[PDB]
Amino acid sequence: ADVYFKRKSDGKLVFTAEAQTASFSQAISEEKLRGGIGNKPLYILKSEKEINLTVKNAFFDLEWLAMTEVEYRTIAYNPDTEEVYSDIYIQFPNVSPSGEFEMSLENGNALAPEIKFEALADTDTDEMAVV
Amino acid sequence: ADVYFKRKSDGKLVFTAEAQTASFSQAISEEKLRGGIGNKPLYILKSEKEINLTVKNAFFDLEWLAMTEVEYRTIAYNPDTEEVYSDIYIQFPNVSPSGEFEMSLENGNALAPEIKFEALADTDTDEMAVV
Amino acid sequence: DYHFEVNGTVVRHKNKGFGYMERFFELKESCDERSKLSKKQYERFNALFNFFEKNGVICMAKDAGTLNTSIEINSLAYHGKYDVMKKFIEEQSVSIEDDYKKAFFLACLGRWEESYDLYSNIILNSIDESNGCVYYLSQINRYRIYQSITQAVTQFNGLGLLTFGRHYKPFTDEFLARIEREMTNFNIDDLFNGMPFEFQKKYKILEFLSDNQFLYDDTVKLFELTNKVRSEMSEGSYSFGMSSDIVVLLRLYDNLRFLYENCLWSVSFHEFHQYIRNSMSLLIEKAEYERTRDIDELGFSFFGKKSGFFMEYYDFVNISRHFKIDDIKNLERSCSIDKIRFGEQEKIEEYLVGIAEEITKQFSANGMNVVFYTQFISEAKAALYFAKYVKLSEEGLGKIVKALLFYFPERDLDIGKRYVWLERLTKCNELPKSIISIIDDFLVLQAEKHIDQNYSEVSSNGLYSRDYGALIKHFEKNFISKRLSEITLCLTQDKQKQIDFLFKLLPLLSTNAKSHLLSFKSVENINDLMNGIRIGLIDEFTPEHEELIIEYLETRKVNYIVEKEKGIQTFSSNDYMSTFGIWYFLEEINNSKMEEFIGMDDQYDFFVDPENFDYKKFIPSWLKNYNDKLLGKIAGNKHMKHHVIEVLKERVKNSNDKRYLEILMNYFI
Amino acid sequence: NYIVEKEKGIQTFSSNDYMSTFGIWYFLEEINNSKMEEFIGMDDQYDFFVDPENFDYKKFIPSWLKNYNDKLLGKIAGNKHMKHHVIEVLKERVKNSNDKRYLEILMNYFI
Amino acid sequence: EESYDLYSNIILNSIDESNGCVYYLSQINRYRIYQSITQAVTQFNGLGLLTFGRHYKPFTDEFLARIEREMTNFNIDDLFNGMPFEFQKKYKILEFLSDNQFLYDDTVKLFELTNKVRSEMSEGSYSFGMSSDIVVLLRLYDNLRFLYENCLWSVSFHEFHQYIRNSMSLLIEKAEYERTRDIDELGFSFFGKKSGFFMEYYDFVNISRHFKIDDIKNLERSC
């Protein structure tokens, strides 16, 4: 389990770590404010998928530190020792850099903390790509 | 909710305390064993029901402590009568103590521990009689 | 400088200088580099290798690889080998450390006063040899065993007289005087500070044990991890990489090992019991959740396979030791432990039968160690209650069943309590004949206890020897108990209580014994009626019997009228009126006089007049007590189905109880 | 793309919300084209609605129902062939899963 | 930087009047604000520019150099012992403030109460008299008041946020279960006012300050 964080359209590596929490929260049809209810012309509204994902220990690129929107990929061949086939490159291209301060200070620094981040969307829904 | 642990033999209170928890267990383990399941010629409807009551600060009257099957009897009164008030005296004619050793001692203090006793039933289910 | 994770890996934390710890692991794989050191230096490296591998220290975090590891507890005390301790006390003295193990075994065995004396002898002999570590630990352990005896007599002084039926004084008043004198003005907080400094700088890792609230850093971390895990469970997040559930699992084992090893008496402390109880109960909760988890389209493939967590022998001991019977029930009602695989079952059965023989010796030969009994009955009960989830052999079950129905004191396990546990054992494996023989001997023993002729079967659950016969008849359709059969000739209207015993033990009696009973002893009051139905003696509402029910029903109104004038409302939980109503609900009994009775019991009015019954007073908990066929065929009728439907629809979203959900799924479709 | 994905030997299941609504359109009969029925394999939901009779219910995901509104669930309710399959999967995952949405779905239907 | 410099003046001018507590609290507060600055510069110079995108430098490099000068090799556990003996026996109430892990005894009781509360609500137990779900509310109010009074900077730390977040979430969950409960023949509402718990002003700000969108979302989906 590893994360390669790159700047989209720039290709520069941001940091490497290991993902610990992966969330794939599904859409909920409870709001009732979806619209087009009484008329019901056509069922078009699909899932408003929400996905959150974090990392363990970020190691930022030294070259990227010099000059002081972003893609991301992973590697996983652990199940059934299928390393030659069944490759899964979890590709969210427009992951949003997020995260909170969370001043704990009662354990000291733990290298890099758990960086919050989620995948955004664009004109065409490209939230997640297995390849 | 001040309880008075009475004695079945004579009536002298064993101790008095205030109620902490009164758990009326709502659970029946369905196992096709009770009743007349061999032939089923009628109905029984006698599922076991469990009642427990725990206190937090006993009294331990000295006269009973002199001599070094048991009951209890209590009242429940709230000054805010509001619109409904009643002289509810919950009492089980046969209750047996079931307090464990419960030695914690990490804080260094125990004071009056939580005395937990379990109600019983003899011949007909005369327990849980509010009278 | 370096942070040692609980998994086994290490990571630089404040090592701003050379990576010596990484260098040590750098030489771990390089054979030739180790030989390049001096002979003594190479010898030290070998010793550190033995220490690190025993302590579970693994290589650098970069070379993670497989990190799943099962810890082991070599301490005999944790395994409850009470027989081994008995001979371990009388092995004289080889070394102070060997005496330290003896003292810890002495405390666990229950001989606390002897254990306290042993701890007193340890500190006096620990002046030299620079062995302050055992002196340090014994000083704390002497304080803990001093604390334990103080509450023990306090429990005997208070809450002890009624529980045991009398007062017990395992410690002489002089001993209680002696222990407090030696413990005067002793504050344990500064023990690490108030003790020579060469220890203070070398054994710094032991500073966390001096304070009385030493069980705080782990519990706080467990509490934070519990919150972190519960957040994942609600949100359904997939724990990639190292997962907190594995972390807490490893942390408790390290805490369990570090305390049972090195002979720390705090292992029996309730906070440690609380620490383990909350630790494993969280693990059971996530194990149940993982099995009952939605298979999402994303992240379905991860490190965890199918049924990633397995119940092992060590977990069973912890469950059987650091849990109480009520908390186990909460675990059962929250998580179904029968679904999760129980590994190394053969390594658990000998522990269960091993705890049975200790029970057998305690309550059969002479007396029992009461101080040990209090500290052992909770573990003893928790082990037998949890035995339902493990397959057991015929020989293993026989000893446990013999222990269950022949040695447990009634003060902690009444007649009703044993049947609940008996059914658990009987449900796991089909009842063989050998177990029935032990059960049969139990019932006849109770009959012979009627010598005083004032003993009455009183049970907490309301279940009597009535249920033991039902279990026997359920598994063995035809079974006659000779011992009870022969007893009837000698009894001729002499012991009425023993006479009443036979009525509810009828299906195990012979043809001649049953003929002699009903010859002139039979049903007279309403109590024997439902007993006969459960027995099977009474099958139809004879005209005389229907008179008995309404006659008793008439009595209730006499008190009902008078209690209303003074505002009283008697609600004794006899539930007989509910039985009368359910019979009338199928018009199996057609007397109209009892239909006149109304406003007596809320359940009773439900059955007699279904349509016009005031459903606002209906209680859904009564539905848990009802049969299958009546609920199943009532669907579609809609005369009274619709009224209860409103309650049924409410319970699925209001309550998380699975029993309510099952009722609305199997029926009312 | 689907056929060429086997050139590299790896299959693709992209969580993009195009194929999902196409089967719903065919289920609602808002499209009446026979060409689109030939497309099988791209999305599990797509095969669930385009060809429900031969759809492999082992790949069914209960979360799909939470996305469907009352009408779509009402329309798929009582089809004499989905009704049998949808009831079985719902009964299994109303006890295992304690989400309140699953409870509501089972209660609005099969009364 | 101004707060650090100002806190230097409080301790510097507290030499006289034998205040003790004001000097002691400001000294602890000085370490707390310095602790916040340590990861403040760590989350700006470090972490690159991820949440923001432009390198903000709120504190000068000279300021970073000096603050470490005096703050090098500082241990807060001995600060209370480092205080004068007269203060030690006179202000012993503040003895646990020196500990970095002071948010442990309070959390342990809450964690102990949470297990008791969770077990109580699973079995349908009724908390007669001193209800175990009210003491936790009383405990957090004192912790919130005492921390916010006397002007302590520790209230902004993540560990304190965890204490309130876990304690307040349990109260919401318990209050949800209380109203959404089965009725028992013996467990009637003799004098209980149904839910009983009501969201006061002080309850809302606790949820609006210590919770997070990730944390609050699971609360909604559960209660």
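For the structure, see preceding data.
## Quick notes on the interface of chain C and chain B
And then number 1: Between chain C and chain B, the residue contacts involve 71 residues of the former and 58 residues of the latter.
And then number 2: If you sort the residues of chain C by the area they bury against chain B, C:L159, C:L162 and C:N625 come out on top, with a joint share of 10%.
And then number 3: The interface formed by chain C and chain B includes 1 salt bridge.
And then number 4: Notably, a salt bridge pairs C:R144 with B:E106, separated by 3.6 Å at the nearest N-O pair.
And then number 5: In this structure, the connection of chain C to chain B is made through 20 residue pairs in polar contact.
And then number 6: Here the side of chain C that touches chain B takes 7 residues from helix 7 (residues 132–157) of chain C, the largest share from any one element.

## With respect to the side chain of C:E563
Residue and element names in this part refer to chain C.
And then number 1: Tracing the backbone shows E563 in helix 26 (residues 543–565).
And then number 2: Buried within the structure, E563 lacks any salt-bridge partner; its nearest side chain of opposite charge belongs to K564, at an N-O separation of 4.6 Å.
And then number 3: In this view, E563 contacts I568, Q569 and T570; residues no more than four positions away in its chain are not counted.

## Considerations on a negative patch on the surface
And then number 1: On the surface, a cluster of negative charge is contributed by C:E90, C:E91, C:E97, C:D98, C:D128 and C:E129.
And then number 2: Note that C:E91 resides in the loop between helix 4 (82–89) and helix 5 (96–109).

## As for the arrangement of the chains
And then number 1: Take the 8 pairs of chains in contact: the one carrying the most contacts is chains B and C.
And then number 2: Regarding chain A and chain B, which are not in contact, the minimum distance between any of their C-alpha atoms is 24 Å.
And then number 3: The smallest C-alpha distance separating chain B from chain D is 17 Å, and no contact links them.

## Describing the nonpolar core
And then number 1: C:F104, C:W112, C:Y136, C:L352, C:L404 and E:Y24 are the most contacted members of the largest nonpolar core, which totals 199 residues.
And then number 2: Ranked by residue count, the leading element in this core is helix 7 of chain C, at 11 residues.
And then number 3: For E:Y24, the residues in contact, after removing those within four places along its chain, are E:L79, E:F80, E:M83, E:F87, E:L94, E:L97 and E:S98.
And then number 4: In terms of nonpolar packing, the next biggest core, distinct from the first, is built from 47 residues, C:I526, C:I549, C:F607 and C:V644 among them.

## Here we look at the packing of helix 18 (residues 394–406) of chain C against helix 20 (residues 433–448) of chain C
All names here are of chain C.
And then number 1: Axis separation between helix 18 and helix 20 bottoms out at 9 Å; the angle between their running directions is 10 degrees. By the angle between their axes, helix 18 is roughly parallel relative to helix 20. Only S434, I435, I438, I439, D441, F442 and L445 of helix 20 make contact with helix 18, whose side of the interface consists of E394, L397, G398, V401, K402, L405 and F406.
And then number 2: Here the contact of helix 18 with helix 20 is built from residues that sort into 9 nonpolar, 2 polar and 3 charged.

The rules behind the values
Residues numbered from 1 in each chain as written, not as in the entry; some residues may be left out. Chains lettered and ligands numbered in written order. Part of a larger assembly, values for the part shown. Heavy atoms only, no water. Contact = heavy atoms within 4.5 Å. Buried area = accessible area lost by both parts, 1.4 Å probe. Salt bridge = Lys/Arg side-chain N within 4 Å of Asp/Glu carboxyl O. Polar contact = N/O pair within 3.5 Å; in protein donor to acceptor, adjacent residues only side chain to side chain. Helix = DSSP H or I, 4+ residues; strand = E, 2+ residues; numbered from the N terminus. Buried < 20%, exposed > 50% of the residue type's maximum accessible area, 1.4 Å probe, protein only. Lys, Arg positive; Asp, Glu negative; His and termini not counted. Patch = residues over 30% accessible without salt bridge, like charges linked within 9 Å, V, L, I, M, F, W, Y side chains within 5 Å. Areas by Shrake-Rupley, 256 points an atom, 1.4 Å probe, with all protein chains shown as cover. Charge placed at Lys NZ, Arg CZ, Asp CG, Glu CD. Core = buried A, V, L, I, M, F, W, Y, C linked by side-chain atoms within 4.5 Å. Axes fitted to C-alpha atoms, helices over the stretch in contact; angles between N-to-C directions. Parallel < 35°, antiparallel > 145°, perpendicular 65-115°, else oblique. Nonpolar A, V, L, I, M, F, W, Y, C, P; charged D, E, K, R; others polar.

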